[PDB]
Every structure is written in structure tokens, then in C-alpha cells.
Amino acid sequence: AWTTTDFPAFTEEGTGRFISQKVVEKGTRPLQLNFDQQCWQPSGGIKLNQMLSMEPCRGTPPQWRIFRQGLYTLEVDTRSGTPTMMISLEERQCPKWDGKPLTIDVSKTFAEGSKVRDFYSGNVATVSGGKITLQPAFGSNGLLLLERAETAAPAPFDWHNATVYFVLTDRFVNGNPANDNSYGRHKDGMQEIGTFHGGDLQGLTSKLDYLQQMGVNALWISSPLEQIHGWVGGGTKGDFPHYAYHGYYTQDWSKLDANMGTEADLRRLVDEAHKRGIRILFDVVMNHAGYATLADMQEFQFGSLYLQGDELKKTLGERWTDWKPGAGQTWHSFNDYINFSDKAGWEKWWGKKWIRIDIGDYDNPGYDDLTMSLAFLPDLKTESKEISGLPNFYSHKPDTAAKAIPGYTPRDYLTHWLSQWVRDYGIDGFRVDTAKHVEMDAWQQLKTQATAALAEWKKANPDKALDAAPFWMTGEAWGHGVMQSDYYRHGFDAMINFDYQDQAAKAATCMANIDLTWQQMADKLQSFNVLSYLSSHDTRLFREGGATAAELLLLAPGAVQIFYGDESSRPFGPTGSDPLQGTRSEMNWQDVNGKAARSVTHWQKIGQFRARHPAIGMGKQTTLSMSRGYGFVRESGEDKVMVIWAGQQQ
């Protein structure tokens, strides 16, 4: 019932939002939205990709200026009470689409006389002569998501149909600003490339409904465990202070990092998530501890400085971590104050039984994946059989839950420390970092202990547990593809798939180009699982897919990983002299309620569809042969879907 001249009637794309699309030639035209006899118009000028205020129609209608030809989207939002609206433009051996309805042969898929729903539109059609006719809705990108109209709700969770949301908690939602500066951490007052922005568990807990609406059923959070308190030089040029905002620079595995919140905050995160049918994954590290920082050296009384006497307080200050680089220095310059050769000083850190590192009197790193010091990080001796006792510097850390345990090796402590979280909070699985730099046996020990820990909790908490499924574990082995490697026989249920990113890239301008990849994956993954992604914190943000990134990821066989902000085209941020930093940019919440709202809606719909159909993640694929457009069927057990893509609208 929303309309404007020379554009189709608006359809609802999300509650309270209505949109319309058309290919429009260059030129100028008036702009009024009508809803019956209500007439509205832009009151504050006309720009693209901005929330336009609107007034009741008076005088001459505002003149909208069409600079470039293309498919435009008009949106109107009634959620605020008064109508706002928005305009946006979507700037070959590829199937073309005239824009008009499609007639699909469904004779081998859906029963004669039955009802078939296109989930995206909600339109339902009765199979007659083995055929249905349907118009792809606005925002579909020409998709039909065909299911039996009987389909009503989400299907039972399966890890092979999982929609995993991977979030860097610090960069998501700041629920409580009070804990932003734990252990004397500061903002840099520059571009905050490597600082703690202040995102926390409380904040994340506040967005569980939003995640639930996307059809997310697994939440992978950055490690919430206590990190190094200080910072190191950021990037190749030391143009920013690098803090452990990502969770990969752990110091105490036994405690939560104060930036993240309290024990109660975690309990609420996990319990609320479970209530919504969302599983929880901790990012975990056993390869390395965090770098030595001034904050930690001072606090826990380890390491060695070249500065002696009055020179120490006058250069580094009362709190050494408050040091900032002066003229002619970088954030790497502080290293010149540190004496990394002093044996006694640096033994007071982790200690010779715990880590490998080219410092002091430590065991030197090896020249292979397993024993090397990855980017100069202290390499934990997971393969050691030596009884170690606690790390030396823990003697000056009275707030630790870590107790010395008779007979324990460094590995035994680590697996105990991680499993305790599983035991206490009912963490459903892990994502394992740096998988190829730790021996397979260690991962097996982690899995065994974690499996036991989860089973113990579910038995203790029968009210809370969703099912009796076993602990799950995925891993990052660098460059891993769609292959059932030996990781699968040392405790990994799935490995992260590095190859999907490039395949999706080749289908960014033409969705149908993914067909061969999807066929191969659907077949290969009949006997195992992988976790595929478009975007990651150590590759890039995938933004070349126009509006089609949702379907490219979410219709993939196997488990899939949404990197926070994929749904809202979160932009690459300031990155300085480390090319990876921009991928950890702040979540663009302002865009989520504004210019990215229809994108978010698009992801919600395609994700909700996947959640209803295990055949997407698990089923065997048959690619349809048609004269127009592209289409396939997938089938797993009683579940069956048909996906049709009309093709390019221009």
C-alpha cells in the first residue's frame, strides 16, 4: 500500500520497513510516498545512503536527481512513528533476468497439488502440472528459497548445518564503560587501531536476539581469559600501541580478563544464549602466551631493564606502561630500554620449564612449526614431560585461581585450565588457534578433557542443557582446505576452510559461478565437516559481493562462519603499518539501524532459511538444468529445498 510514481508497490522487508526496486534511467523526477491518501515527501533534501526525514506533502514535490543508471532501492521506515525513507544504488556469461515472475519445474522435488513457500517472499504456490510461478521479492537478488509450506520453524541443530557468528568481543558492544581501562590500559587518542575499545560480555549478551534473528546457532567469542595487561609495538613501523584486545595474548588461563566482565557476566552470556538455542565457543590458545610488556614486568616483577637509578622513573614514569614515544621514536622504541639477554631477570617470568623464546636463559625456539616462536611469542612447551610447577611470575600474582598440582606438566595445566571453564559454565565447544604449531597429542588431550568436562556439567545442570551432544572442537591450521586431514583423528570435529574465501570471490559478480564449488563441497562433506568463511581477522573483509555475500556464505555446504559485520558491510578500519588490523574495526551499529538495515534483513532471511533446512549444510546437491536462471536442489533425510536464482537484473 506504500507507493510512489514509476516504481512498483512497496513490499515489507522486515517489520515496519517497506521497500521497492526498479532500474531507473538518468534524469530528474519528483519524489512523494503515498500510503492511501497519506502523502509524504523528503523534508531535508535528497541524498543516497542516508536516513531522510519526511513531512506531509505540500507545494512542489522535492526533485530527486538520478546521476547514474542502475537498480535503485527506495525504503520507508515507520518504526519511529513518523515515516523516514532511504535511497540506494546497486552499481557476461551470466544468467540474465527480465524482472518478471519465473515458472519453475518442481516435478521431481515437490508433490503435485502440494503447497510450496518461497521463504524469502513468504509467497506460497500450489504445484500444478509440476510447476509453480513466483516473483522474487525485492531484496532477494532474484532468489527463490523454495520449501514445503509445512515448514514452520528451525530444524534441530546440527554442527554440519551450523551458522557460527565469530565476534571480537572488544569491538562489538560496550555494555559497561567502567571496565574499559582494566590494569591501567589506555586509549591511544589516535585511531585506536590496537587498543581496547571497551566491548564486553554484557554488551554481547544484549545482542543475542539480534543474533538469533540471523539464524545464528553458534557464538564464537574471542578468548575472555586474562591477557597481558600492557601493549607492544604495533605493525612494522610501531605507529600504534598493540594491546591484547583480540584475546590471543593470554597471561592467566584461570581468570577472566577484567575488560570482559565478571564470572556472573559470563554465566548470563552462556545461559541466555542457551535459552535461545545458541551454542557458545571460546577461542582458545595453547601454542603461546602473550608478549612481555612493561605493565606486566612492573606488576609481576620480572624481566630486566638497561635503565638503572633515577633514569628509570624519569624515562618510563611511575607506571612504565604510561610511557609514550617522544620525537624520533616509535612504539617499538621502548624495546631499547629492555635487556633481553639477562638470564636471572627473565627466568622470573614464565620460567625455563614453560616456554621457548630467544630471551635470557630460555630454551631457544626450534626451526619447525611445533617448536618455533611464532612472531616472537613465547612458545609454550606442550610436548614437555617435565613436571613444571606454576609459572614463576605467578608467585607475584595472588589473584590467580591457578594452583600447583602434583605431577602436572605445562600441557596438563593448560588442558585443565581450559576444561574448568567447560565444566563450570557449560561451554559447548572450542575454536583452536595456531593448530599447526602444537603437536596433535596435546589437542587430543584437550578434547578428551573438555569432552568429560562438558558431560559433567550437563549431568549437574539437566534443567539448562539443550541436549546430550558431546563437546565440539574446530581448529585453525593455516591454509587448510576441504580435506579430512589427520586433525580429524586427533579430536577435531571440523577444521576451518581457507579456500572458500577465494571461491566466493570468483562468484561475487555472478552467483552461479559458485556452482562447481558447492557441488564438490556437498559431495565431499557427506563424510566430514568444515567451517567456511568469507571474512576473517587474519585475511580480509569480503565486501566485493555487492548485496550477495549472504547467499554466497549461508547457502554453502558444511558449517559456515559469519565474521561480525558481514551482515552490515562493516568497513575495513584504520590499520596503520599492520595490514590485518583494519579487519578488527568497530561494529557499525549506526549503519545497522540505518543504511545497512535492508542488508541485515537479507541476512536474517537467508540465515533463517538455512536454520530450517539441514539439506543446505548436509544434503547432496543436484544442479538443475534450465533455459533461464540458475538452480539446485539439496536433500538430507526428509528435508528437501530448491534454490533458484533468477540471474542478473541488468
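Quick note: we count residues from 1 along the sequence shown, nothing fancier.
Chemist: Between residue 441 and residue 442, what class does the number of missing deposited residues fall in: none, 1 to 3, 4 to 9, or 10 or more?
Modeler: The entry has no gap there; residue 441 and residue 442 are joined directly.
Chemist: Can you let me know which of the two, 524-532 or 165-173, has the higher average C-alpha B-factor in the entry?
Modeler: Mean CA B-factor is higher for 524-532.
Chemist: If you average the CA temperature factors as listed in the entry, which stretch comes out higher, 454-462 or 183-191?
Modeler: Between 454-462 and 183-191, it is 454-462 that shows the higher mean C-alpha B-factor.
Chemist: Which has the highest CA B-factor per the PDB entry: 56, 582, 614, 607?
Modeler: Most elevated C-alpha B-factor of the set, per the entry: 56.
Chemist: Tell me, please, which of 343, 447, 242, 237 has the highest C-alpha B factor according to the deposited entry?
Modeler: That would be 343.
Chemist: Which third of the chain holds residue 319 when residues are ordered by C-alpha B factor: lowest, middle or highest?
Modeler: Highest third of the chain for residue 319's C-alpha B-factor.
Chemist: If you rank every modelled residue in this chain by C-alpha B factor, which third holds residue 107: lowest, middle or highest?
Modeler: Within its chain, residue 107 is a highest-third residue by C-alpha B-factor, going by the deposited values.
Chemist: Quick check for you: using the entry's CA B-factors within this chain, is residue 64 in the lowest, middle or highest third?
Modeler: Its C-alpha B-factor belongs to the highest third of this chain's values.
Chemist: By the recorded C-alpha temperature factor, relative to the other modelled residues in its chain, which third is residue 589 in?
Modeler: Its C-alpha B-factor, which the entry lists for residue 589, ranks in the middle third among residues of this chain.
Chemist: Check where residue 219 lands among this chain's C-alpha B-factors and tell me if it's the lowest, middle or highest third.
Modeler: Its C-alpha B-factor belongs to the lowest third of this chain's values.
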